[PDB]
Amino acid sequence: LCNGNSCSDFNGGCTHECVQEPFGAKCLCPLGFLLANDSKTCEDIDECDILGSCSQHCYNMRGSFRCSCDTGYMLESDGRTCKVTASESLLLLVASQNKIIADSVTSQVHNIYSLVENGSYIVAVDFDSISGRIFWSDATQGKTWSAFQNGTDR
Ligand SMILES: *[C@@H]1O[C@H](CO)[C@@H](O)[C@H](O)[C@H]1NC(C)=O
């Protein structure tokens, strides 16, 4: 009808299998392929270009996309997500007006405990992986305090 029906006429000059539609040359494209302006020739979709394709390094492929992970990260079953190889929980330390508030949600516990409470006004927080220590700074005290993750050796 509308189109020249070239799909039926001659594969309709469609890169992918032509799909003769009553209007004419419709053609098609497999997953991960997009029709061009002629809507007959298929292109390659760069899934890596799309944000959130995978948690880590991405490799565009024909109609699909390969992804990698960090040495400390494990690729999930879906192949589009990386998860930490180490089983240790994440200690989401958050400073407070006079204390340090840390959350351990391992095994959906939501362990919210105040690691340090004898503080004037703590602003910055950081940790050392090698020594397993926690560094934080107090504005009013004007000092940089250090302690272990067990809240000791302050
Ligand atoms: C805290 O952890 C460190 C590293 O394991 C250890 O050396 C230190 O003795 C611990 N302190 C307490 C009292 O938990």
# chains A, B, ... in the order shown; residues from 1 in each chain; ligands from 1

$ residues_near_ligand --ligand "ligand 1" --cutoff "7 Å" --atoms "only C-alpha atoms and all ligand atoms" --output "PyMOL selection string"
chain A and resi 132+148-150+152-153

$ residues_around --residues "residue 106 of chain A" --least-positions-apart "6" --cutoff "9 Å" --atoms "only C-alpha atoms" --output "ChimeraX atom specification"
/A:88-90

$ select_by_dssp --residues "chain A" --states "strand (DSSP E or B)" --output "PyMOL selection string"
chain A and resi 20-21+24-25+33-35+42-44+58-61+64-67+73-75+82-84+91+94-95+100-104+111-116+122-128+133-138+143-148

$ write_last_selection --atoms "C-alpha atoms" --output "mmCIF file, in the first residue's frame"
data_model
loop_
_atom_site.group_PDB
_atom_site.id
_atom_site.type_symbol
_atom_site.label_atom_id
_atom_site.label_comp_id
_atom_site.auth_asym_id
_atom_site.auth_seq_id
_atom_site.Cartn_x
_atom_site.Cartn_y
_atom_site.Cartn_z
ATOM 1 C CA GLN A 20 6.472 -7.626 3.716
ATOM 2 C CA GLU A 21 3.720 -5.625 5.377
ATOM 3 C CA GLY A 24 4.901 -2.576 1.809
ATOM 4 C CA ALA A 25 8.499 -3.104 2.846
ATOM 5 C CA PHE A 33 19.723 -4.037 16.196
ATOM 6 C CA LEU A 34 17.978 -0.871 15.015
ATOM 7 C CA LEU A 35 16.574 0.014 11.618
ATOM 8 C CA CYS A 42 19.730 -2.775 10.644
ATOM 9 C CA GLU A 43 22.405 -1.140 12.780
ATOM 10 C CA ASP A 44 24.207 -2.146 15.985
ATOM 11 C CA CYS A 58 31.305 -2.808 29.159
ATOM 12 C CA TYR A 59 31.981 -4.285 25.718
ATOM 13 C CA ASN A 60 29.579 -3.574 22.865
ATOM 14 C CA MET A 61 28.657 -6.591 20.744
ATOM 15 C CA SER A 64 24.276 -7.774 22.727
ATOM 16 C CA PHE A 65 26.886 -6.417 25.122
ATOM 17 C CA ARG A 66 29.668 -7.972 27.166
ATOM 18 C CA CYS A 67 30.579 -6.698 30.622
ATOM 19 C CA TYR A 73 33.847 -7.831 42.105
ATOM 20 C CA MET A 74 31.919 -10.882 40.908
ATOM 21 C CA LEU A 75 29.664 -10.863 37.858
ATOM 22 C CA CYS A 82 28.905 -6.852 39.563
ATOM 23 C CA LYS A 83 28.881 -7.626 43.284
ATOM 24 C CA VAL A 84 31.701 -7.471 45.816
ATOM 25 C CA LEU A 91 29.842 0.046 57.347
ATOM 26 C CA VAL A 94 27.869 8.869 59.107
ATOM 27 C CA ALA A 95 29.076 11.689 61.325
ATOM 28 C CA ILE A 100 29.767 8.752 64.733
ATOM 29 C CA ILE A 101 26.768 6.737 63.540
ATOM 30 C CA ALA A 102 27.550 3.505 61.683
ATOM 31 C CA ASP A 103 25.132 1.062 60.054
ATOM 32 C CA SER A 104 25.812 -2.631 59.412
ATOM 33 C CA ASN A 111 22.743 -2.622 63.019
ATOM 34 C CA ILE A 112 22.783 1.125 63.688
ATOM 35 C CA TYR A 113 25.297 1.714 66.484
ATOM 36 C CA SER A 114 27.330 4.743 67.561
ATOM 37 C CA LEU A 115 30.974 3.747 67.143
ATOM 38 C CA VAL A 116 32.287 6.858 68.940
ATOM 39 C CA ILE A 122 32.698 15.642 63.918
ATOM 40 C CA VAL A 123 32.678 16.598 60.235
ATOM 41 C CA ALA A 124 34.874 14.352 58.077
ATOM 42 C CA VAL A 125 35.136 10.559 58.275
ATOM 43 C CA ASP A 126 37.375 8.062 56.507
ATOM 44 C CA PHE A 127 38.836 4.595 56.983
ATOM 45 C CA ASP A 128 42.126 2.821 56.316
ATOM 46 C CA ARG A 133 41.332 1.987 61.292
ATOM 47 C CA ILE A 134 38.804 4.822 61.182
ATOM 48 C CA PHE A 135 39.899 8.450 60.804
ATOM 49 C CA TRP A 136 37.604 11.355 61.648
ATOM 50 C CA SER A 137 38.062 15.067 62.308
ATOM 51 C CA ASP A 138 36.375 17.316 64.867
ATOM 52 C CA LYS A 143 41.939 17.440 65.965
ATOM 53 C CA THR A 144 42.087 14.353 63.751
ATOM 54 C CA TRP A 145 41.113 11.278 65.771
ATOM 55 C CA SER A 146 41.962 7.706 64.783
ATOM 56 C CA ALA A 147 40.635 4.394 66.071
ATOM 57 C CA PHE A 148 40.033 0.801 65.050
#

$ atom_distance --atom1 "atom CA of residue 93 of chain A" --atom2 "atom CA of residue 140 of chain A"
19.8 Å

$ closest_residue --among "A:22, A:142, A:79, A:32" --to "residue 8 of chain A" --atoms "only C-alpha atoms"
A:22

$ residues_around --residues "residue 39 of chain A" --least-positions-apart "5" --cutoff "12 Å" --atoms "only C-alpha atoms" --output "VMD selection string"
chain A and resid 3 6 to 7 12 to 16 18 to 19 24 to 29 33 to 34

$ write_last_selection --atoms "N, CA and C atoms" --output "PDB file, in the first residue's frame"
ATOM      1  N   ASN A   3       4.096   1.722   1.198  1.00  0.00           N
ATOM      2  CA  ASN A   3       5.459   1.479   0.741  1.00  0.00           C
ATOM      3  C   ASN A   3       5.458   0.778  -0.605  1.00  0.00           C
ATOM      4  N   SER A   6       8.695  -3.560  -1.253  1.00  0.00           N
ATOM      5  CA  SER A   6       9.928  -4.162  -1.742  1.00  0.00           C
ATOM      6  C   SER A   6      10.328  -5.378  -0.917  1.00  0.00           C
ATOM      7  N   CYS A   7       9.927  -5.407   0.350  1.00  0.00           N
ATOM      8  CA  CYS A   7      10.246  -6.551   1.186  1.00  0.00           C
ATOM      9  C   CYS A   7       9.861  -7.801   0.433  1.00  0.00           C
ATOM     10  N   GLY A  12      13.313  -6.381  -0.030  1.00  0.00           N
ATOM     11  CA  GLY A  12      13.129  -4.970   0.259  1.00  0.00           C
ATOM     12  C   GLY A  12      14.398  -4.231   0.601  1.00  0.00           C
ATOM     13  N   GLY A  13      15.532  -4.726   0.121  1.00  0.00           N
ATOM     14  CA  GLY A  13      16.794  -4.104   0.463  1.00  0.00           C
ATOM     15  C   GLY A  13      16.872  -3.939   1.965  1.00  0.00           C
ATOM     16  N   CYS A  14      16.348  -4.915   2.697  1.00  0.00           N
ATOM     17  CA  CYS A  14      16.392  -4.857   4.148  1.00  0.00           C
ATOM     18  C   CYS A  14      17.550  -5.705   4.637  1.00  0.00           C
ATOM     19  N   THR A  15      18.460  -5.099   5.390  1.00  0.00           N
ATOM     20  CA  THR A  15      19.614  -5.832   5.886  1.00  0.00           C
ATOM     21  C   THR A  15      19.141  -7.086   6.587  1.00  0.00           C
ATOM     22  N   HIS A  16      18.189  -6.934   7.499  1.00  0.00           N
ATOM     23  CA  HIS A  16      17.632  -8.091   8.179  1.00  0.00           C
ATOM     24  C   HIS A  16      16.505  -8.665   7.346  1.00  0.00           C
ATOM     25  N   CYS A  18      13.504  -9.385   5.394  1.00  0.00           N
ATOM     26  CA  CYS A  18      12.435  -8.469   5.033  1.00  0.00           C
ATOM     27  C   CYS A  18      11.122  -8.946   5.610  1.00  0.00           C
ATOM     28  N   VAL A  19      10.250  -8.010   5.960  1.00  0.00           N
ATOM     29  CA  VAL A  19       8.944  -8.378   6.481  1.00  0.00           C
ATOM     30  C   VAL A  19       7.865  -7.669   5.685  1.00  0.00           C
ATOM     31  N   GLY A  24       3.777  -2.352   2.695  1.00  0.00           N
ATOM     32  CA  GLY A  24       4.901  -2.576   1.809  1.00  0.00           C
ATOM     33  C   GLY A  24       6.114  -3.199   2.457  1.00  0.00           C
ATOM     34  N   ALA A  25       7.266  -2.562   2.291  1.00  0.00           N
ATOM     35  CA  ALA A  25       8.499  -3.104   2.846  1.00  0.00           C
ATOM     36  C   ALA A  25       8.679  -2.690   4.295  1.00  0.00           C
ATOM     37  N   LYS A  26       8.469  -3.626   5.213  1.00  0.00           N
ATOM     38  CA  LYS A  26       8.635  -3.326   6.629  1.00  0.00           C
ATOM     39  C   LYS A  26      10.001  -3.751   7.136  1.00  0.00           C
ATOM     40  N   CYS A  27      10.447  -4.940   6.742  1.00  0.00           N
ATOM     41  CA  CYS A  27      11.728  -5.460   7.215  1.00  0.00           C
ATOM     42  C   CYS A  27      11.661  -5.646   8.719  1.00  0.00           C
ATOM     43  N   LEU A  28      12.809  -5.860   9.351  1.00  0.00           N
ATOM     44  CA  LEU A  28      12.851  -6.021  10.801  1.00  0.00           C
ATOM     45  C   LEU A  28      14.283  -5.984  11.294  1.00  0.00           C
ATOM     46  N   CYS A  29      14.484  -6.197  12.590  1.00  0.00           N
ATOM     47  CA  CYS A  29      15.832  -6.242  13.149  1.00  0.00           C
ATOM     48  C   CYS A  29      15.835  -7.104  14.398  1.00  0.00           C
ATOM     49  N   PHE A  33      19.539  -4.641  17.506  1.00  0.00           N
ATOM     50  CA  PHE A  33      19.723  -4.037  16.196  1.00  0.00           C
ATOM     51  C   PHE A  33      18.596  -3.048  15.942  1.00  0.00           C
ATOM     52  N   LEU A  34      18.923  -1.949  15.269  1.00  0.00           N
ATOM     53  CA  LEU A  34      17.978  -0.871  15.015  1.00  0.00           C
ATOM     54  C   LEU A  34      17.921  -0.573  13.524  1.00  0.00           C
TER      55      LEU A  34
END

$ atom_distance --atom1 "atom CA of residue 92 of chain A" --atom2 "atom CA of residue 118 of chain A"
19.2 Å
